[PDB]
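Participant: input-v4.cif is the file, holding mmCIF, C-alpha atoms and all ligand atoms:
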data_run
loop_
_atom_site.label_atom_id
_atom_site.label_comp_id
_atom_site.auth_asym_id
_atom_site.auth_seq_id
_atom_site.Cartn_x
_atom_site.Cartn_y
_atom_site.Cartn_z
CA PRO A 263 0.00 0.00 0.00
CA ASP A 264 1.74 3.14 -1.29
CA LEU A 265 1.87 6.08 1.10
CA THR A 266 0.72 8.28 -1.79
CA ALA A 267 -2.17 5.87 -2.26
CA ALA A 268 -2.81 5.92 1.48
CA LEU A 269 -2.61 9.72 1.60
CA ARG A 270 -5.02 10.15 -1.31
CA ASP A 271 -7.28 7.50 0.21
CA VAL A 272 -7.54 9.58 3.38
CA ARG A 273 -8.19 12.73 1.35
CA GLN A 274 -11.28 11.28 -0.32
CA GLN A 275 -12.50 10.03 3.04
CA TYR A 276 -11.91 13.39 4.73
CA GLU A 277 -13.50 15.40 1.93
CA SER A 278 -16.62 13.23 2.11
CA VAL A 279 -16.92 13.02 5.89
CA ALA A 280 -16.21 16.73 6.31
CA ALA A 281 -19.00 17.32 3.80
CA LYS A 282 -21.41 15.20 5.83
CA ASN A 283 -20.50 16.80 9.16
CA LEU A 284 -21.12 20.32 7.84
CA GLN A 285 -24.58 19.43 6.55
CA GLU A 286 -25.56 17.77 9.82
CA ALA A 287 -24.14 20.59 11.93
CA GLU A 288 -25.97 23.26 9.94
CA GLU A 289 -29.28 21.44 10.32
CA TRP A 290 -28.64 20.88 14.03
CA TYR A 291 -28.02 24.53 14.87
CA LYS A 292 -30.99 25.45 12.69
CA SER A 293 -33.25 23.35 14.90
CA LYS A 294 -31.82 24.78 18.13
CA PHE A 295 -32.00 28.39 17.00
CA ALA A 296 -35.59 27.49 16.08
CA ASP A 297 -36.47 26.17 19.54
CA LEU A 298 -35.07 29.29 21.20
CA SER A 299 -36.78 31.58 18.69
CA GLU A 300 -40.17 30.02 19.46
CA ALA A 301 -39.55 30.32 23.20
CA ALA A 302 -38.46 33.94 22.72
CA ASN A 303 -41.64 34.93 20.86
CA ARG A 304 -43.62 33.02 23.47
CA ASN A 305 -41.97 35.09 26.20
CA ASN A 306 -42.55 38.15 24.02
CA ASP A 307 -46.29 37.49 23.82
CA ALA A 308 -46.54 37.09 27.59
CA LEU A 309 -44.87 40.44 28.21
CA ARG A 310 -47.08 41.92 25.49
CA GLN A 311 -50.36 40.78 27.05
CA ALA A 312 -49.20 41.49 30.60
CA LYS A 313 -48.64 45.10 29.58
CA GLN A 314 -52.11 45.17 28.01
CA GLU A 315 -53.75 44.29 31.33
CA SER A 316 -51.85 47.09 33.05
CA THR A 317 -52.70 49.81 30.53
CA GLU A 318 -56.25 48.45 30.42
CA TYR A 319 -56.59 48.86 34.18
CA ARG A 320 -55.02 52.30 33.90
CA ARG A 321 -57.73 53.18 31.38
CA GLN A 322 -60.42 51.94 33.76
CA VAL A 323 -58.89 53.98 36.59
CA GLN A 324 -59.18 57.32 34.79
CA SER A 325 -62.54 56.17 33.42
CA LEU A 326 -64.07 55.81 36.88
CA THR A 327 -62.27 58.97 38.00
CA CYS A 328 -63.76 60.78 35.01
CA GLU A 329 -67.09 59.80 36.56
CA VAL A 330 -66.29 60.51 40.22
CA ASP A 331 -66.04 64.21 39.37
CA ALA A 332 -69.56 64.65 38.01
CA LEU A 333 -70.63 62.68 41.09
CA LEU B 265 9.42 9.39 5.61
CA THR B 266 8.12 9.55 9.18
CA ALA B 267 9.59 12.90 10.23
CA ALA B 268 6.89 14.43 8.04
CA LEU B 269 4.14 12.53 9.84
CA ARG B 270 5.50 13.14 13.34
CA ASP B 271 5.62 16.83 12.46
CA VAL B 272 1.99 16.81 11.30
CA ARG B 273 0.39 15.03 14.25
CA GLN B 274 2.12 17.30 16.77
CA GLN B 275 0.79 20.24 14.76
CA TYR B 276 -2.70 18.74 14.71
CA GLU B 277 -3.03 18.31 18.47
CA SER B 278 -1.49 21.67 19.33
CA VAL B 279 -4.24 23.17 17.16
CA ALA B 280 -6.99 20.73 18.13
CA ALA B 281 -6.34 21.56 21.78
CA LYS B 282 -6.37 25.31 21.19
CA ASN B 283 -9.53 24.83 19.12
CA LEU B 284 -11.51 23.06 21.85
CA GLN B 285 -10.60 25.61 24.53
CA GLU B 286 -11.53 28.54 22.28
CA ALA B 287 -14.78 26.85 21.23
CA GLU B 288 -15.92 25.89 24.73
CA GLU B 289 -15.10 29.43 25.82
CA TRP B 290 -17.11 30.80 22.90
CA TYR B 291 -20.29 28.79 23.53
CA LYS B 292 -20.28 29.54 27.27
CA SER B 293 -20.12 33.26 26.55
CA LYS B 294 -22.97 33.09 24.03
CA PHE B 295 -24.97 31.07 26.54
CA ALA B 296 -24.16 33.78 29.06
CA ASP B 297 -25.33 36.53 26.71
CA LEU B 298 -28.64 34.78 26.03
CA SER B 299 -29.14 33.88 29.70
CA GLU B 300 -28.80 37.54 30.66
CA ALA B 301 -31.18 38.72 27.94
CA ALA B 302 -33.77 36.19 29.12
CA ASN B 303 -33.47 37.09 32.81
CA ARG B 304 -33.94 40.74 31.86
CA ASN B 305 -37.09 39.72 30.00
CA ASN B 306 -38.27 37.70 33.00
CA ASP B 307 -37.63 40.66 35.28
CA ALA B 308 -39.55 42.76 32.77
CA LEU B 309 -42.44 40.29 32.81
CA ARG B 310 -42.45 39.85 36.59
CA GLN B 311 -42.60 43.64 36.85
CA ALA B 312 -45.45 44.20 34.39
CA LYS B 313 -47.38 41.62 36.42
CA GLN B 314 -46.77 43.38 39.73
CA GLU B 315 -47.88 46.60 38.05
CA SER B 316 -51.02 44.85 36.81
CA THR B 317 -52.40 43.49 40.08
CA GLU B 318 -51.34 46.86 41.51
CA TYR B 319 -53.62 48.67 39.05
CA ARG B 320 -56.32 46.06 39.67
CA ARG B 321 -56.66 46.59 43.42
CA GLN B 322 -56.91 50.31 42.66
CA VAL B 323 -59.90 49.96 40.34
CA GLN B 324 -61.47 47.53 42.81
CA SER B 325 -61.22 50.28 45.42
CA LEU B 326 -62.26 53.10 43.10
CA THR B 327 -65.33 51.23 41.85
CA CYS B 328 -66.19 50.68 45.51
CA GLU B 329 -65.72 54.37 46.28
CA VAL B 330 -67.94 55.25 43.32
CA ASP B 331 -70.67 52.87 44.46
CA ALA B 332 -70.89 53.80 48.15
CA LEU B 333 -70.69 57.43 47.04
CA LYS B 334 -74.36 58.28 46.46
CA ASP C 264 -39.82 29.49 28.25
CA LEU C 265 -36.52 31.01 27.09
CA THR C 266 -34.67 30.27 30.35
CA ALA C 267 -36.00 26.70 30.41
CA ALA C 268 -35.24 26.27 26.72
CA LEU C 269 -31.74 27.75 27.02
CA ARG C 270 -30.96 25.20 29.73
CA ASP C 271 -32.39 22.44 27.54
CA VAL C 272 -30.32 23.39 24.49
CA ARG C 273 -27.24 23.96 26.65
CA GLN C 274 -27.53 20.36 27.84
CA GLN C 275 -28.10 18.99 24.34
CA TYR C 276 -24.98 20.82 23.14
CA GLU C 277 -22.86 19.42 25.96
CA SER C 278 -24.39 16.03 25.21
CA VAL C 279 -23.43 15.90 21.53
CA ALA C 280 -20.25 17.99 21.75
CA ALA C 281 -18.81 15.19 23.88
CA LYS C 282 -19.98 12.43 21.54
CA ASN C 283 -18.67 14.23 18.45
CA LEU C 284 -15.38 15.00 20.19
CA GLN C 285 -14.93 11.22 20.34
CA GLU C 286 -16.15 10.21 16.88
CA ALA C 287 -13.46 12.60 15.62
CA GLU C 288 -10.78 11.93 18.23
CA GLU C 289 -10.99 8.27 17.24
CA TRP C 290 -11.33 8.90 13.51
CA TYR C 291 -8.35 11.26 13.28
CA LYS C 292 -6.42 8.68 15.29
CA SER C 293 -7.30 5.73 13.04
CA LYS C 294 -6.22 7.72 9.99
CA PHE C 295 -2.88 8.91 11.32
CA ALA C 296 -2.38 5.16 11.73
CA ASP C 297 -2.97 4.23 8.08
CA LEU C 298 -0.47 6.88 7.01
CA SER C 299 1.92 5.82 9.76
CA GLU C 300 1.83 2.16 8.74
CA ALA C 301 2.13 3.05 5.06
CA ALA C 302 5.15 5.24 5.75
CA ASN C 303 6.76 2.33 7.60
CA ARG C 304 6.28 -0.12 4.73
CA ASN C 305 7.51 2.58 2.37
CA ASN C 306 10.63 3.28 4.43
CA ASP C 307 11.12 -0.49 4.29
CA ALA C 308 10.82 -0.96 0.52
CA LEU C 309 13.57 1.64 0.19
CA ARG C 310 15.80 -0.02 2.79
CA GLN C 311 15.22 -3.15 0.69
CA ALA C 312 15.85 -1.59 -2.72
CA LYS C 313 18.97 0.09 -1.37
CA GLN C 314 20.30 -3.20 -0.01
CA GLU C 315 19.53 -4.82 -3.36
CA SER C 316 21.36 -1.97 -5.06
CA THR C 317 24.42 -2.87 -2.98
CA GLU C 318 23.77 -6.61 -3.22
CA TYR C 319 24.00 -6.65 -7.01
CA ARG C 320 26.67 -3.96 -6.72
CA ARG C 321 29.09 -6.34 -5.01
CA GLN C 322 28.22 -9.15 -7.43
CA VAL C 323 29.64 -7.04 -10.25
CA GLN C 324 32.73 -6.53 -8.08
CA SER C 325 33.30 -10.29 -8.20
CA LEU C 326 32.45 -11.27 -11.78
CA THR C 327 34.95 -8.61 -12.83
CA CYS C 328 37.44 -10.25 -10.47
CA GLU C 329 36.82 -13.49 -12.37
CA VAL C 330 36.80 -12.16 -15.93
CA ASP C 331 40.16 -10.45 -15.39
CA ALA C 332 41.86 -13.38 -13.66
CA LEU C 333 40.88 -15.49 -16.68
CA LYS C 334 41.80 -13.02 -19.42
CA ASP D 264 -34.50 42.67 22.94
CA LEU D 265 -34.98 38.89 22.88
CA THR D 266 -35.31 38.36 19.13
CA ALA D 267 -32.36 40.75 18.82
CA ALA D 268 -30.04 38.96 21.24
CA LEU D 269 -30.89 35.75 19.38
CA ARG D 270 -30.28 37.24 15.94
CA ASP D 271 -26.96 38.71 17.06
CA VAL D 272 -25.82 35.27 18.22
CA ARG D 273 -27.02 33.65 14.98
CA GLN D 274 -24.99 36.17 12.98
CA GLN D 275 -21.94 35.71 15.18
CA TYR D 276 -22.27 31.96 14.72
CA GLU D 277 -22.65 32.16 10.94
CA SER D 278 -19.69 34.54 10.84
CA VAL D 279 -17.45 32.36 13.03
CA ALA D 280 -18.59 29.17 11.29
CA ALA D 281 -17.37 30.62 7.99
CA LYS D 282 -13.87 31.55 9.18
CA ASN D 283 -13.65 28.19 10.95
CA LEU D 284 -14.41 26.50 7.62
CA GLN D 285 -11.86 28.47 5.59
CA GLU D 286 -9.06 28.10 8.13
CA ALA D 287 -9.68 24.36 8.24
CA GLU D 288 -9.66 23.91 4.47
CA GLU D 289 -6.32 25.72 4.30
CA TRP D 290 -4.70 23.91 7.22
CA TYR D 291 -5.62 20.46 5.89
CA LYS D 292 -4.83 21.41 2.29
CA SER D 293 -1.28 22.34 3.28
CA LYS D 294 -0.71 19.44 5.67
CA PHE D 295 -1.84 17.10 2.90
CA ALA D 296 0.50 18.83 0.46
CA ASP D 297 3.41 18.53 2.89
CA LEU D 298 2.76 14.80 3.27
CA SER D 299 2.42 14.43 -0.49
CA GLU D 300 5.81 16.10 -0.93
CA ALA D 301 7.49 13.67 1.46
CA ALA D 302 5.77 10.67 -0.11
CA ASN D 303 6.89 11.92 -3.52
CA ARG D 304 10.54 12.48 -2.62
CA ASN D 305 10.63 9.07 -0.97
CA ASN D 306 8.92 7.55 -4.01
CA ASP D 307 11.61 8.96 -6.29
CA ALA D 308 14.32 7.58 -4.01
CA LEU D 309 12.71 4.19 -4.60
CA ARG D 310 12.55 4.41 -8.40
CA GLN D 311 16.13 5.69 -8.47
CA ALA D 312 17.17 2.67 -6.39
CA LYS D 313 15.16 0.19 -8.47
CA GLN D 314 16.61 1.44 -11.76
CA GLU D 315 20.02 1.10 -10.10
CA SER D 316 19.54 -2.54 -9.10
CA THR D 317 18.10 -3.43 -12.51
CA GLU D 318 21.06 -1.63 -14.08
CA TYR D 319 23.59 -3.79 -12.25
CA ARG D 320 21.58 -6.95 -12.91
CA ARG D 321 22.02 -6.23 -16.62
CA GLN D 322 25.77 -6.31 -16.05
CA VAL D 323 25.65 -9.44 -13.89
CA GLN D 324 23.86 -11.13 -16.80
CA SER D 325 26.23 -10.21 -19.64
CA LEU D 326 29.27 -10.26 -17.37
CA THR D 327 28.42 -13.90 -16.64
CA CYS D 328 28.09 -14.71 -20.34
CA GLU D 329 31.69 -13.54 -20.61
CA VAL D 330 32.73 -15.85 -17.77
CA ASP D 331 31.04 -18.57 -19.82
CA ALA D 332 32.24 -17.57 -23.29
CA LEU D 333 35.77 -17.37 -21.90
CA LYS D 334 35.62 -20.53 -19.79
CA CA A 401 -16.58 24.20 -1.37
CA CA A 402 -26.34 27.89 20.65
CA CA A 403 -16.95 36.29 22.13
CA CA A 404 -21.83 41.28 26.80
CA CA A 405 -45.00 52.88 39.43
CA CA A 406 -39.70 47.71 19.57
SM SM A 407 -58.56 60.00 46.23
SM SM A 408 -7.77 13.58 26.10
SM SM A 409 -8.66 32.33 15.49
#
Could the structure of this file be written out as structure tokens, please?

Facilitator:
Amino acid sequence: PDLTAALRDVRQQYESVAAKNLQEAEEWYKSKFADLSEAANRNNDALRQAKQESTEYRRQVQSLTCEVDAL
Amino acid sequence: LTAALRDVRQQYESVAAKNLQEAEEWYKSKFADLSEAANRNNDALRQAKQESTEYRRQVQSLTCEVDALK
Amino acid sequence: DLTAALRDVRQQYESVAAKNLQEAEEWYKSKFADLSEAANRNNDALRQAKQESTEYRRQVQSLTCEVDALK
Amino acid sequence: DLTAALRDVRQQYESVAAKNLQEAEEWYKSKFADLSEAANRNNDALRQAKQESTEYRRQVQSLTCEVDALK
């Protein structure tokens, strides 16, 4: 088994394996970034609605107050 | 010739080692960044909640003041 | 939940990163072997061709010694 | 700034992943070359030695026919 034949043999193997690893890695990180993204928006919605309640109560406060005066 | 191989492997590990340390360091920092951003969002959520029930007890009291009043 | 998801992903990364670190640590070690064994056979073939080069070399040094002593 | 902190990290990753890919391709490409050089030089040393042995064998053949023709 020639070293030049052994060296080239490794080069085909590397080039192929390295090509497979990249593909898998890219898809993996895609999925993870996806999970986090979903969780982020989920957290975003919560903060969004929580703020709604607050400003909604604030509206009610100055709504009743707007009626306490004429009272 | 084996002096070429011995040279290569020692170069590989010296780099492979440096690569793992720099990578592990990199991920931990990114995880740190994200962790902080999340906590800040949690704090932000926890706060908007406290400021919601706060506003709620107020209207409960005001609507009571409006009722009893005439 | 971002915090809960971050922890999840963080664990998955540490999970695979260790596995992969081995599928490569072993692979790169099995390959440096093929080249290392090939280089040894190669270094041998030379040490064999060189010794042949000096094995036939001396043979000439004798046939000459016979041709002259007979002519 | 959730979606932002996530996007920043995704960009940093994609950026780092690129440089990691181009530094790897170089490193391996050169290390392979180096090994090819050594396997080539050695290879030549073999052919040079083989042609040398075969050269002498030619002599040993005809030089013997002279030991015969004479004797
Ligand atoms: Ca390419
Ligand atoms: Ca990540
Ligand atoms: Ca950094
Ligand atoms: Ca920072
Ligand atoms: Ca306040
Ligand atoms: Ca905005
Ligand atoms: Sm009052
Ligand atoms: Sm180790
Ligand atoms: Sm670097």

Participant: Using all atoms listed in the file, I'd like every residue of chain D that has an atom within 12 Å of chain C; please write them out as a PDB file with C-alpha atoms, in the coordinates of the input.

Facilitator:
ATOM      1  CA  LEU D 265     -34.980  38.890  22.880  1.00  0.00           C
ATOM      2  CA  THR D 266     -35.310  38.360  19.130  1.00  0.00           C
ATOM      3  CA  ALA D 268     -30.040  38.960  21.240  1.00  0.00           C
ATOM      4  CA  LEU D 269     -30.890  35.750  19.380  1.00  0.00           C
ATOM      5  CA  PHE D 295      -1.840  17.100   2.900  1.00  0.00           C
ATOM      6  CA  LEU D 298       2.760  14.800   3.270  1.00  0.00           C
ATOM      7  CA  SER D 299       2.420  14.430  -0.490  1.00  0.00           C
ATOM      8  CA  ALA D 301       7.490  13.670   1.460  1.00  0.00           C
ATOM      9  CA  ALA D 302       5.770  10.670  -0.110  1.00  0.00           C
ATOM     10  CA  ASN D 303       6.890  11.920  -3.520  1.00  0.00           C
ATOM     11  CA  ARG D 304      10.540  12.480  -2.620  1.00  0.00           C
ATOM     12  CA  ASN D 305      10.630   9.070  -0.970  1.00  0.00           C
ATOM     13  CA  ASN D 306       8.920   7.550  -4.010  1.00  0.00           C
ATOM     14  CA  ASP D 307      11.610   8.960  -6.290  1.00  0.00           C
ATOM     15  CA  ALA D 308      14.320   7.580  -4.010  1.00  0.00           C
ATOM     16  CA  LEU D 309      12.710   4.190  -4.600  1.00  0.00           C
ATOM     17  CA  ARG D 310      12.550   4.410  -8.400  1.00  0.00           C
ATOM     18  CA  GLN D 311      16.130   5.690  -8.470  1.00  0.00           C
ATOM     19  CA  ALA D 312      17.170   2.670  -6.390  1.00  0.00           C
ATOM     20  CA  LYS D 313      15.160   0.190  -8.470  1.00  0.00           C
ATOM     21  CA  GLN D 314      16.610   1.440 -11.760  1.00  0.00           C
ATOM     22  CA  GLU D 315      20.020   1.100 -10.100  1.00  0.00           C
ATOM     23  CA  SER D 316      19.540  -2.540  -9.100  1.00  0.00           C
ATOM     24  CA  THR D 317      18.100  -3.430 -12.510  1.00  0.00           C
ATOM     25  CA  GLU D 318      21.060  -1.630 -14.080  1.00  0.00           C
ATOM     26  CA  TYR D 319      23.590  -3.790 -12.250  1.00  0.00           C
ATOM     27  CA  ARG D 320      21.580  -6.950 -12.910  1.00  0.00           C
ATOM     28  CA  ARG D 321      22.020  -6.230 -16.620  1.00  0.00           C
ATOM     29  CA  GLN D 322      25.770  -6.310 -16.050  1.00  0.00           C
ATOM     30  CA  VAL D 323      25.650  -9.440 -13.890  1.00  0.00           C
ATOM     31  CA  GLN D 324      23.860 -11.130 -16.800  1.00  0.00           C
ATOM     32  CA  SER D 325      26.230 -10.210 -19.640  1.00  0.00           C
ATOM     33  CA  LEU D 326      29.270 -10.260 -17.370  1.00  0.00           C
ATOM     34  CA  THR D 327      28.420 -13.900 -16.640  1.00  0.00           C
ATOM     35  CA  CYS D 328      28.090 -14.710 -20.340  1.00  0.00           C
ATOM     36  CA  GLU D 329      31.690 -13.540 -20.610  1.00  0.00           C
ATOM     37  CA  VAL D 330      32.730 -15.850 -17.770  1.00  0.00           C
ATOM     38  CA  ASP D 331      31.040 -18.570 -19.820  1.00  0.00           C
ATOM     39  CA  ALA D 332      32.240 -17.570 -23.290  1.00  0.00           C
ATOM     40  CA  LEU D 333      35.770 -17.370 -21.900  1.00  0.00           C
ATOM     41  CA  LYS D 334      35.620 -20.530 -19.790  1.00  0.00           C
TER      42      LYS D 334
END

Participant: Once chain C sits on chain D after a least-squares Cα superposition, all atoms in order, what's the RMSD?

Facilitator: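 RMSD over all C-alpha atoms: 1.5 Å.
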
Participant: Which residue out of B:266, B:331, B:324, B:309 has the minimum interatomic distance to chain A when only C-alpha atoms are used?

Facilitator: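 So, comparing all the options, the nearest one is B:309.
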
Participant: For chain C, work out the contacting residues on chain A at 6 Å, counting all atoms listed in the file, and write them as a compact mmCIF listing (two decimals) with C-alpha atoms, keeping the file's coordinate frame.

Facilitator:
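What ended up in out_3.txt:
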# COMPACT_ATOMS: atom_id res chain seq x y z
CA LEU A 265 1.87 6.08 1.10
CA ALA A 301 -39.55 30.32 23.20
CA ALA A 302 -38.46 33.94 22.72

Participant: Could you give me the centre and size, in Å to one decimal, of an axis-aligned box around all listed atoms of segment 311-317 of chain B with 6 Å added on every side, as lines of an AutoDock Vina configuration file?

Facilitator:
center_x = -47.5
center_y = 44.1
center_z = 37.2
size_x = 21.8
size_y = 17.0
size_z = 17.7

Participant: How would segment 300-325 of chain B look written as an mmCIF file, in the first residue's frame with N, CA and C atoms?

Facilitator:
data_model
loop_
_atom_site.group_PDB
_atom_site.id
_atom_site.type_symbol
_atom_site.label_atom_id
_atom_site.label_comp_id
_atom_site.auth_asym_id
_atom_site.auth_seq_id
_atom_site.Cartn_x
_atom_site.Cartn_y
_atom_site.Cartn_z
ATOM 1 N N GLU B 300 -28.593 36.199 30.124
ATOM 2 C CA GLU B 300 -28.797 37.536 30.664
ATOM 3 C C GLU B 300 -29.992 38.223 30.007
ATOM 4 N N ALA B 301 -30.080 38.118 28.685
ATOM 5 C CA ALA B 301 -31.179 38.719 27.939
ATOM 6 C C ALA B 301 -32.519 38.158 28.403
ATOM 7 N N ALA B 302 -32.553 36.852 28.648
ATOM 8 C CA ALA B 302 -33.765 36.195 29.118
ATOM 9 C C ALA B 302 -34.164 36.670 30.515
ATOM 10 N N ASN B 303 -33.214 36.644 31.447
ATOM 11 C CA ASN B 303 -33.470 37.092 32.813
ATOM 12 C C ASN B 303 -34.035 38.504 32.826
ATOM 13 N N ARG B 304 -33.465 39.366 31.993
ATOM 14 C CA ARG B 304 -33.941 40.738 31.857
ATOM 15 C C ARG B 304 -35.385 40.771 31.367
ATOM 16 N N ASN B 305 -35.723 39.848 30.474
ATOM 17 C CA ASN B 305 -37.093 39.723 30.000
ATOM 18 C C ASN B 305 -38.013 39.198 31.100
ATOM 19 N N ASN B 306 -37.530 38.217 31.859
ATOM 20 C CA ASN B 306 -38.274 37.696 33.000
ATOM 21 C C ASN B 306 -38.546 38.802 34.009
ATOM 22 N N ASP B 307 -37.496 39.529 34.374
ATOM 23 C CA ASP B 307 -37.625 40.657 35.285
ATOM 24 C C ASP B 307 -38.658 41.637 34.744
ATOM 25 N N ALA B 308 -38.617 41.854 33.434
ATOM 26 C CA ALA B 308 -39.546 42.756 32.770
ATOM 27 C C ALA B 308 -40.974 42.234 32.852
ATOM 28 N N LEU B 309 -41.130 40.921 32.719
ATOM 29 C CA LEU B 309 -42.443 40.292 32.811
ATOM 30 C C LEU B 309 -42.950 40.342 34.248
ATOM 31 N N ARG B 310 -42.121 39.857 35.166
ATOM 32 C CA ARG B 310 -42.446 39.849 36.587
ATOM 33 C C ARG B 310 -42.885 41.230 37.058
ATOM 34 N N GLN B 311 -42.276 42.266 36.489
ATOM 35 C CA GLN B 311 -42.595 43.640 36.854
ATOM 36 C C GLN B 311 -43.958 44.070 36.315
ATOM 37 N N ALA B 312 -44.191 43.823 35.029
ATOM 38 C CA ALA B 312 -45.447 44.203 34.393
ATOM 39 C C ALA B 312 -46.629 43.507 35.060
ATOM 40 N N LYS B 313 -46.368 42.345 35.652
ATOM 41 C CA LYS B 313 -47.380 41.623 36.416
ATOM 42 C C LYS B 313 -47.679 42.337 37.730
ATOM 43 N N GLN B 314 -46.623 42.687 38.457
ATOM 44 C CA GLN B 314 -46.768 43.383 39.729
ATOM 45 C C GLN B 314 -47.478 44.712 39.533
ATOM 46 N N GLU B 315 -47.272 45.313 38.367
ATOM 47 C CA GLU B 315 -47.878 46.596 38.053
ATOM 48 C C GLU B 315 -49.286 46.405 37.494
ATOM 49 N N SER B 316 -49.685 45.151 37.304
ATOM 50 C CA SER B 316 -51.024 44.850 36.814
ATOM 51 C C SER B 316 -51.980 44.634 37.980
ATOM 52 N N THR B 317 -51.614 43.724 38.875
ATOM 53 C CA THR B 317 -52.397 43.491 40.080
ATOM 54 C C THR B 317 -52.463 44.777 40.903
ATOM 55 N N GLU B 318 -51.389 45.558 40.849
ATOM 56 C CA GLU B 318 -51.344 46.857 41.506
ATOM 57 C C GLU B 318 -52.469 47.753 40.997
ATOM 58 N N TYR B 319 -52.559 47.890 39.678
ATOM 59 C CA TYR B 319 -53.619 48.673 39.054
ATOM 60 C C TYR B 319 -55.001 48.075 39.315
ATOM 61 N N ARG B 320 -55.052 46.761 39.505
ATOM 62 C CA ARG B 320 -56.322 46.064 39.670
ATOM 63 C C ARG B 320 -56.963 46.348 41.026
ATOM 64 N N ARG B 321 -56.162 46.302 42.084
ATOM 65 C CA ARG B 321 -56.660 46.594 43.421
ATOM 66 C C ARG B 321 -57.151 48.034 43.495
ATOM 67 N N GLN B 322 -56.522 48.906 42.713
ATOM 68 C CA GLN B 322 -56.905 50.311 42.660
ATOM 69 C C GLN B 322 -58.317 50.478 42.104
ATOM 70 N N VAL B 323 -58.576 49.879 40.948
ATOM 71 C CA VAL B 323 -59.899 49.965 40.335
ATOM 72 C C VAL B 323 -60.962 49.288 41.202
ATOM 73 N N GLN B 324 -60.581 48.200 41.864
ATOM 74 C CA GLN B 324 -61.469 47.530 42.806
ATOM 75 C C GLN B 324 -61.895 48.496 43.905
ATOM 76 N N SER B 325 -60.957 49.327 44.348
ATOM 77 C CA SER B 325 -61.217 50.280 45.419
ATOM 78 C C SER B 325 -61.977 51.490 44.900
#
